[PDB]
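**Q** Sending over a structure as structure tokens; questions will come in a sec.
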Amino acid sequence: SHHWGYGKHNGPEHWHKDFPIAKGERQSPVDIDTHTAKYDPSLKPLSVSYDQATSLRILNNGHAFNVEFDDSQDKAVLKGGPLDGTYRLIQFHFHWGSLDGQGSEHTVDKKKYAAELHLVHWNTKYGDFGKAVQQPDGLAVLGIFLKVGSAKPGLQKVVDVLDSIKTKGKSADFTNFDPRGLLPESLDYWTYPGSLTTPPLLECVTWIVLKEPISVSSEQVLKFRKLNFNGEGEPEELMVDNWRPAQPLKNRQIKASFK
Ligand SMILES: O=C(O)c1ccccc1[SeH]
Ligand SMILES: [Zn+2]
């Protein structure tokens with residue numbers, strides 16, 4: 001399935017035809033109504049252990065760019081909070097807008113941020129990512145909002161390699177990148193059961209959305225918007241507005257880690 005995207009003729013309103021789960025009971029993203037989310041005093045502390053993370057490569061996949069990690073040992077793991085067991089970091093990517101007033105997938109009281117970072121982790125009890133996405137507890141995604149303001153020093157290494165992966169299918173070596181440089185001070189979060197926000201839209205994700213956004217500069221997000229959805233020697237299509245809008249919450253409760 002090479003067909004879907006974010007255009008008029010292949011974007012989010014069309015996805016249900018090839019991926020009927022698009023209209024399912026636990027789709028993402030959602031609007032987080034802060035007044036309705038309930039503090040859950042039973043959530044255990046969240047543990048984000050990135051000291052031994054080993055980044056390998058950065059890839060333009062025609063939808064976004066992925067910063068990929070070595071997930072063949074327990075090097076960079078997420079556990080605690082709403083999670084049972086140990087989830088290994090496989091990749092991070094972003095979703096962003098053409099304009100600073102849109103780009104996030106989750107919203108907070110209908111507020112849209114300029115972008116959203118997704119750190120994707122898979123449950124080690126399922127052995128590999130492909131097995132994990134078939135299970136209702138297969139993935140844990142840490143979602144972090146981006147606002148435009150001060151630069152994020154720890155993002156600049158990502159920004160500066162984007163020229164080398166301008167078009168679909170281009171990759172570049174991307175070693176020794178430390179994802180701790182992308183985390184806000186507070187790990188206060190909301191959590192709910194949901195899905196991938198891209199086809200195949202599998203209902204395998206425990207979402208952990210941080211309350212505190214990070215800040216990036218106008219120049220940093222401009223470099224995101226100079227990427228291309230197209231392949232090399234194809235007509236230039238700027239990689240912008242690669243976000244899915246909020247989906248129906250249905251029979252779900254959003255829990256808060258904080259009072
Ligand atoms: O599009 C992706 O790379 C993806 C993959 C896994 C979980 C969530 C997302 Se939204
Ligand atoms: Zn994503």
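We label chains A, B, ... in the order they appear in the structure tokens, count residues from 1 in each chain, and number ligands from 1 in the order shown.
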With a distance cut-off of 7 Å and only C-alpha atoms, select the neighbouring residues of residue A:49, excluding the residue or stretch itself and same-chain residues fewer than 5 positions from it, and output the selection as a PyMOL selection string.
**A** chain A and resi 76-78
**Q** Contacts of residue A:13 at 10 Å or less, counting only C-alpha atoms, minus same-chain residues fewer than 6 places along, as a list in words?
**A**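 In the requested form, the answer reads residues 6, 7, 22, 244 and 245 of chain A.
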**Q** Could you build a table of the residues in stretch 35-65 of chain A lying no more than 12 Å from stretch 128-142 of chain A, giving for each the nearest pair of atoms and their separation in Å rounded to one decimal place, using only C-alpha atoms, ordered by chain and ascending residue number, as JSON lines?
**A**
{"residue": "A:46", "atom": "CA", "partner": "A:142", "partner_atom": "CA", "distance": 10.7}
{"residue": "A:47", "atom": "CA", "partner": "A:142", "partner_atom": "CA", "distance": 11.4}
{"residue": "A:48", "atom": "CA", "partner": "A:142", "partner_atom": "CA", "distance": 9.6}
**Q** Which residues of chain A come within 10 Å of ligand 1, and for each one, what is the closest pair of atoms and their distance in Å to one decimal, counting only C-alpha atoms and all ligand atoms, sorted by chain and residue number, as a tab-separated table?
**A**
residue	atom	partner	partner_atom_place_in_ligand_line	distance
A:28	CA	ligand 1	10 (Se)	8.4
A:29	CA	ligand 1	10 (Se)	8.7
A:61	CA	ligand 1	3 (O)	9.1
A:63	CA	ligand 1	1 (O)	8.0
A:64	CA	ligand 1	3 (O)	7.8
A:65	CA	ligand 1	3 (O)	8.4
A:66	CA	ligand 1	3 (O)	7.0
A:67	CA	ligand 1	3 (O)	9.9
A:90	CA	ligand 1	6 (C)	9.0
A:91	CA	ligand 1	3 (O)	7.6
A:92	CA	ligand 1	3 (O)	7.3
A:93	CA	ligand 1	3 (O)	6.4
A:94	CA	ligand 1	3 (O)	8.5
A:95	CA	ligand 1	10 (Se)	8.4
A:105	CA	ligand 1	10 (Se)	9.0
A:116	CA	ligand 1	10 (Se)	10.0
A:117	CA	ligand 1	10 (Se)	9.4
A:118	CA	ligand 1	8 (C)	6.8
A:119	CA	ligand 1	7 (C)	8.0
A:120	CA	ligand 1	7 (C)	5.5
A:121	CA	ligand 1	7 (C)	7.8
A:122	CA	ligand 1	6 (C)	8.9
A:129	CA	ligand 1	6 (C)	9.1
A:133	CA	ligand 1	6 (C)	8.3
A:138	CA	ligand 1	7 (C)	9.9
A:139	CA	ligand 1	7 (C)	7.0
A:140	CA	ligand 1	7 (C)	7.9
A:141	CA	ligand 1	7 (C)	6.4
A:142	CA	ligand 1	8 (C)	9.4
A:143	CA	ligand 1	8 (C)	9.5
A:194	CA	ligand 1	8 (C)	9.7
A:195	CA	ligand 1	8 (C)	7.2
A:196	CA	ligand 1	8 (C)	4.3
A:197	CA	ligand 1	10 (Se)	4.2
A:198	CA	ligand 1	1 (O)	4.9
A:199	CA	ligand 1	1 (O)	7.6
A:200	CA	ligand 1	1 (O)	9.0
A:201	CA	ligand 1	10 (Se)	8.2
A:202	CA	ligand 1	7 (C)	8.8
A:203	CA	ligand 1	7 (C)	9.9
A:204	CA	ligand 1	7 (C)	8.5
A:205	CA	ligand 1	7 (C)	7.1
A:206	CA	ligand 1	7 (C)	9.8
A:207	CA	ligand 1	8 (C)	9.2
A:242	CA	ligand 1	1 (O)	9.7
A:243	CA	ligand 1	10 (Se)	8.9
A:244	CA	ligand 1	10 (Se)	9.0
**Q** Please provide the set of residues having any atom within 12 Å of residue A:236, restricted to only C-alpha atoms, with same-chain residues fewer than 5 positions apart removed, written as JSON, numbers by chain.
**A** {"A": [62, 166, 167, 168, 226, 227, 228, 229, 230, 231]}
